[PDB]
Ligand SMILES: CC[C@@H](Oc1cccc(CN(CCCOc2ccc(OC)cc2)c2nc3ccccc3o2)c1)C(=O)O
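This document opens with one chain alone, in structure tokens, the form solved without this ligand.
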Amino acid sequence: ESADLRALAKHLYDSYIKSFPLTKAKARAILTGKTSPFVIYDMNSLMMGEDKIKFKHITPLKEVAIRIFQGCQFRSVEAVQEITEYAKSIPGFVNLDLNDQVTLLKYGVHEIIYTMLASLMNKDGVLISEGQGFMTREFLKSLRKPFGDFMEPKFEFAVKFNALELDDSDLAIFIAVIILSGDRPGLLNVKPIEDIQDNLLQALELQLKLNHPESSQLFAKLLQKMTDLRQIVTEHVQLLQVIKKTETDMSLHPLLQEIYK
């Protein structure tokens, strides 16, 4: 039965490598610099960034702050398809009621986005467009209200999350645990969701004990980060509402709005 959890851990790792092109391992090599990304530290470097590197997130289709915000949304929609593909590789997931599969992804993708975004962040900035770019924390903070404090909470979360020093093999199982949450609203058959998560939690616990034997109660500490993630998502939703209500320059092509709803 111990061999079964190690097999599940390996399976999830291999699937995570297939689904997510920019791994934490690769992201960290770039951030520390064991290899070079184009740095966006102000408006002039942003302009040169667009011009030279052609970020599909920033492509013209207007105020810089809004074009950065909309770039974040375009990337978020990309990430949802990578996560959806990963979810299908989790043993039991495809066998669930199809409405429940949709429900788990609907409520799970935000938590997963901010988990995996930590992998691309240090205290100084964030890797963008598959590690070709590095946007500074200070530059994001300098954006006019309310866009100035849109990324800052993610940075504060990331710095603390990154202190757990998890690797891709740890994260693969943690992300699977997040997807198989039996407390999501509107679920029809909670039992086989909790049975799969119970199995993933067992796999995650062995993985952290074998991978991080010196790291006392790392399992407990990682599960506590669920609190930090759900608060980040609740907080982010509350910022979207403020934006939709008080900003008059957010409008895109109506089909564009539908895609990136």
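A residue's number is simply how far along the shown sequence it sits, counting from 1. Rigid core here is just the name for the largest C-alpha set that superposes within 1.5 Å across the two forms. Shifts are known only where both forms have a C-alpha.
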item: At least a third of other PDB entries omit residue 200; value: no
item: At least a third of the other entries leave residue 60 unmodelled; value: yes
item: Residues of the deposited sequence left unbuilt between residue 62 and residue 61; value: 4 to 9
item: Unresolved deposited residues in the interval that joins residue 234 and residue 235; value: none
item: Comparing 40-48 with 204-212, the one whose average Cα B-factor in the PDB entry is higher; value: 40-48
item: Stretch with the greater mean C-alpha B-factor as recorded in the entry, comparing 237-245 against 6-14; value: 237-245
item: Of the residues 185, 148, 92, 133, the one carrying the largest Cα B-factor as recorded; value: 148
item: Criterion, highest CA B-factor; candidates, 229, 193, 223, 30; value: 30
item: CA B-factor ranking of residue 35, expressed as a third of its chain; value: highest
item: Record-listed C-alpha B factor of residue 251: chain third; value: highest
item: Among modelled residues of the same chain, the CA temperature factor third for residue 142; value: highest
item: Cα B factor band for residue 197 (lowest, middle or highest third within the chain); value: lowest
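Note that the form deposited with this ligand bound isn't included here; everything after this is about it.
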property: Contact test, all of 13, 203 and 206, partner this ligand in the deposited complex, heavy atom 4.5 Å; result: no
property: Residue 150, heavy atom within 4.5 angstroms of this ligand in the deposited complex; result: yes
property: Contact of residue 177 with this ligand in the deposited complex (heavy atom, 4.5 Å); result: no
property: This ligand contact at residue 72 in the deposited complex, heavy atom, 4.5 Å; result: yes
property: This ligand contact at residue 67 in the deposited complex, heavy atom, 4.5 Å; result: yes
property: Within 112-133, the residues that have a heavy atom no more than 4.5 Å from this ligand in the deposited complex; result: 113, 114, 116, 117, 120, 128
property: Cα displacement of residue 251 between this form and the one not shown reaching 2 Å, rigid core superposed; result: yes
property: Did residue 209 shift 2 Å or more between this form and the one not shown, C-alpha, core superposed; result: no
property: Residue pair residue 253, residue 81 - Cα distance in the deposited complex, closer or farther (3 Å or more); result: closer
property: CA-CA separation of residue 80 and residue 255, closer or farther in the deposited complex than in the form shown [shift of 3 angstroms or more]; result: closer
property: Mobile segments between this form and the one not shown [3+ consecutive residues, each C-alpha shifted 2 angstroms or more, core superposed]; result: 56-61, 248-261
